[PDB]
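Asks: just the first chains of my complex for now:
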Amino acid sequence: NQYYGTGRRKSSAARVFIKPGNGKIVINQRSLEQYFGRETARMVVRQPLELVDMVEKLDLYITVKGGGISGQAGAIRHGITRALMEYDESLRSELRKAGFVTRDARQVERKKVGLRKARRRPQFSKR
């Protein structure tokens, strides 16, 4: 298949193309280096793009949709796991063992009434 994006994390659904050769991430027909190359936390989110280990013979074009950067990395990671299962079902045990096939269902909780945030409660005076 054409290695299109699948897989979701937080508010992100993946839109990446991966194709054989050597790898350099380019986004919206523009470079990762021009956009965000030497960015810190970008190594932290580039590592899950490669944690699927399915980069070693490929080229990367990323224009994923939704969320922020780490959520986008989670969606791209889940997508390369799905691409791997669809391509050959053999590494399903190792991908589940690494924990990559699980969709991270952790999502932000709603603001609740009488509470300033989801769980944070207004300061209480005893007297």
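Replies: Everything's here; your move. Residues are numbered from 1 along each chain as shown, chains lettered A, B, ... in the order given.

Asks: tell me the phi and psi of residue A:126?
Replies: Note on residue A:126: backbone dihedrals following degrees, to the nearest 10 are phi -70, psi -40.

Asks: quick one: contacts for it?
Replies: Residues counted as contacts of residue A:126 (CB atoms under 8 Å, 6 or more residues apart in numbering): none. Every residue, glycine included, has its C-beta placed from N, CA and C.

Asks: one more: residue A:81?
Replies: Listed by CB under 8 Å, 6+ apart, the contact set of residue A:81 reads A:7, A:52, A:95, A:100, A:101.

Asks: ChimeraX command to pick out the buried ones of those?
Replies: Under the burial definition 16 or more other CB atoms under 10 Å, those of the contacts of residue A:81 that qualify are selected in ChimeraX by:
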select /A:7,52,95,100
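
Asks: in chain A, where's the longest helix?
Replies: Longest helix in chain A, counting residues (DSSP state H): helix A:69-87.

Asks: before we move on, the earlier item: max pairwise distance over the contacts of residue A:81: which two?
Replies: Pairwise distances across the contacts of residue A:81 peak at 11.7 Å for A:7 and A:95 (criterion: CB to CB).

Asks: in chain A, which spans are helices?
Replies: For chain A, the helices defined by DSSP H occupy A:32-36, A:42-51, A:69-87, A:92-98.

Asks: about what we covered before: so the longest helix of chain A versus helix A:42-51, what angle?
Replies: Angular relation of helix A:69-87 and helix A:42-51 on a 0 to 180 degree scale: 10 degrees, by axes from the mean of the first three to the mean of the last three CA atoms, to 10 degrees.

Asks: now helix A:69-87 - C-alpha only, PDB.
Replies: Provided in PDB are the C-alpha atoms of helix A:69-87 (Å, rounded to 0.1, in the frame of the first residue of the first chain):
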ATOM      1  CA  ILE A  69       3.100  18.300  18.400                       C
ATOM      2  CA  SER A  70       3.200  15.400  20.900                       C
ATOM      3  CA  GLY A  71      -0.300  14.300  20.000                       C
ATOM      4  CA  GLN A  72       0.600  14.500  16.400                       C
ATOM      5  CA  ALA A  73       3.600  12.300  17.100                       C
ATOM      6  CA  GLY A  74       1.400   9.800  18.900                       C
ATOM      7  CA  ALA A  75      -1.000   9.700  15.900                       C
ATOM      8  CA  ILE A  76       1.900   9.200  13.500                       C
ATOM      9  CA  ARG A  77       3.300   6.500  15.700                       C
ATOM     10  CA  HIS A  78       0.000   4.600  15.900                       C
ATOM     11  CA  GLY A  79      -0.200   5.000  12.100                       C
ATOM     12  CA  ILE A  80       3.100   3.400  11.400                       C
ATOM     13  CA  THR A  81       2.000   0.500  13.700                       C
ATOM     14  CA  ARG A  82      -1.200   0.200  11.700                       C
ATOM     15  CA  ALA A  83       0.800   0.400   8.400                       C
ATOM     16  CA  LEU A  84       3.000  -2.400   9.800                       C
ATOM     17  CA  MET A  85       0.100  -4.700  10.700                       C
ATOM     18  CA  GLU A  86      -1.500  -4.100   7.300                       C
ATOM     19  CA  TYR A  87       1.800  -4.800   5.500                       C
END
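
Asks: as chain B, please add this:
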Amino acid sequence: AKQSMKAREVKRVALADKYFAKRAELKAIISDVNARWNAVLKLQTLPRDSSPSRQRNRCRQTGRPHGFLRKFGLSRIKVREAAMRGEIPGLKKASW
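Replies: Take a look at chain B, now in place beside the chains above:
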């Protein structure tokens, strides 16, 4: 209760909507000058209750000054009564 306030609100809505707000609009577009003033003095002469900003929104069932919800047209307690009864269409308890 508070029947005078509803009579007052009736008077302001009647002066603003029907008697005026053609004259007041023409006076305001003259009053902004673009290349003491007669239009401002005529706008002074027009009655005070003709201003739309003197209308205070009131509950249509009770006339409560505070707590009005303008989609329903009622204050919060009457809205809750009609929602629980079923009189407000499509309104149910949100549970997201």
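
Asks: center of chain B - which residue?
Replies: With distances taken as CA atoms, centre = their mean, the residue of chain B nearest its centroid is residue B:55 (4.0 Å).

Asks: so it touches residue B:12, yeah?
Replies: Yes. Counting by CB atoms under 8 Å, residue B:12 is a contact partner of residue B:55 at 5.1 Å.

Asks: and the longest helix of chain A, how far from the chain's centre?
Replies: Mean-position distance between helix A:69-87 and its chain equals 6 Å (CA atoms, centre = their mean, to the nearest Å).

Asks: isn't residue B:88 right up against residue B:80?
Replies: No. At 9.5 Å, residue B:88 and residue B:80 do not qualify as touching, with contact defined as CB under 8 Å.

Asks: pick out whichever of these two has more residues nearby.
Replies: Per other CB atoms under 10 Å in any protein chain shown, whichever of residue B:88 and residue B:80 has more neighbours is residue B:88, with 17 against 13.

Asks: got the contact list for the residue nearest to that one when sequence neighbours are not counted?
Replies: Leaving aside its sequence neighbours, residue B:88 sits nearest to residue B:82 (CB to CB, 6 or more residues apart in numbering or on different chains; 4.8 Å). Applying CB atoms under 8 Å, 6 or more residues apart in numbering or on different chains, we find residue B:82 in contact with B:72, B:74, B:88.

Asks: again, but for residue B:76
Replies: Residue B:76 makes contact with B:67, B:69 under the criterion CB under 8 Å, 6+ apart.

Asks: from residue B:69, how far off is it?
Replies: Residue B:76 sits 7 Å away from residue B:69, going by CB to CB, to the nearest Å.

Asks: centroid-wise, who is the farthest residue in chain B?
Replies: residue B:35 (34.2 Å).

Asks: for that one, helix, strand, or coil?
Replies: Following DSSP: H, G, I helix; E, B strand; the rest coil, the label given to residue B:35 is coil.

Asks: quick one: it and residue B:55, what's the gap?
Replies: Taking CB to CB, one finds residue B:35 at 34 Å from residue B:55.

Asks: check residue A:112 too.
Replies: Relative to residue B:55, and taking CB to CB, residue A:112 is found at 36 Å.

Asks: how many neighbouring residues does residue A:17 have?
Replies: Residue A:17 has 14 neighbours, counted by other CB under 10 Å.

Asks: next: residue B:12.
Replies: Neighbour count of residue B:12, defined by other CB under 10 Å: 19.

Asks: assign it to helix, strand or coil.
Replies: Look at residue B:12: counting by three-state DSSP, its state is helix.

Asks: can you slot in chain C too:
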Amino acid sequence: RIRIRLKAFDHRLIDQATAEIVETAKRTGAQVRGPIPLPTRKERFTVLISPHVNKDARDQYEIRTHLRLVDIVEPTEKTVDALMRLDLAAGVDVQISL
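Replies: Adding chain C to what we have so far:
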């Protein structure tokens, strides 16, 4: 080209109505687009339950406008003769567009 837009507060009502319009288009035989699901507009109202002092005590409310577009490709005089009171649902508000 004649696109019909349908809004309701009840999804069962709007499915029954969009089936009636889609069946009418099929009975004429002109091409129709499907009942296209356009996003539900949800309005949330948070009203205080107590008349007096209780701020934290509130209850939440939602109105859901369900929406569907049917978009008849070819208008027909047999359709236009049959359209009169074809919806027959008070909950469904229908807006045609040429």
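
Asks: what do you get for the contacts of residue B:76 once chain C is counted?
Replies: Per CB under 8 Å, 6+ apart, neighbours of residue B:76: B:67, B:69, C:47, C:48.

Asks: report the beta-bridge partners for the second one.
Replies: Using DSSP bridges, the bridge partners assigned to residue B:69 are residue B:74.

Asks: now residue C:37: which helix or strand?
Replies: Using DSSP states H and E, the element containing residue C:37 is strand C:36-48.

Asks: buried ones in that strand?
Replies: By neighbour count on 16 or more other CB atoms under 10 Å in any protein chain shown, the buried set for strand C:36-48 is C:45, C:47, C:48.

Asks: check contacts around the first one.
Replies: With contact set as CB under 8 Å, 6+ apart, residue C:45 has these partners: B:69, B:71, B:72, B:79, B:91, C:60, C:61, C:62, C:63.

Asks: mind redoing it with 7 Å?
Replies: For residue C:45, the contacting residues are B:69, C:61, by CB atoms under 7 Å, 6 or more residues apart in numbering or on different chains.

Asks: residue C:86 reaches residue C:24, doesn't it?
Replies: Yes. Using CB atoms under 7 Å, residue C:86 makes contact with residue C:24 at a distance of 6.0 Å.

Asks: these two: which is more packed in?
Replies: For the pair residue C:86 and residue C:24, the greater number of neighbours falls to residue C:24 (18 against 14), based on other CB under 10 Å.

Asks: ok, the buried residues of strand C:36-48 vs chain B, which is closest?
Replies: residue C:47 (3.8 Å; CB to the nearest CB).

Asks: isn't that closest one right up against residue C:57?
Replies: No. Using CB under 7 Å, residue C:47 makes no contact with residue C:57, being 10.4 Å away.

Asks: on the strand side of things, show who the closest residue to residue A:3 other than its chain neighbours bridges to.
Replies: Spatially, and ignoring its direct neighbours in sequence, residue A:3 is nearest to residue A:18 (3.9 Å; CB to CB, 6+ apart). Taking DSSP bridges as the rule, residue A:18 bridges to residue A:3, residue A:60.

Asks: list the contacts of residue A:18.
Replies: Applying CB under 7 Å, 6+ apart to residue A:18 gives the contacts A:3, A:58, A:59, A:60.

Asks: likewise residue B:24?
Replies: B:43, B:46, B:50.

Asks: what's the ChimeraX syntax to select whichever of those residues are buried?
Replies: Selecting only the buried entries of the contacts of residue B:24 in ChimeraX, with 16+ other CB under 10 Å as the criterion:
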select /B:43,50
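
Asks: phi, psi of residue A:39?
Replies: phi -70, psi 130.

Asks: and the residue nearest to residue C:11 when sequence neighbours are not counted, what element?
Replies: Closest residue to residue C:11 apart from its sequence neighbours, by CB to CB, 6+ apart: residue C:66 at 4.9 Å. Secondary structure from DSSP H and E places residue C:66 in strand C:58-69.
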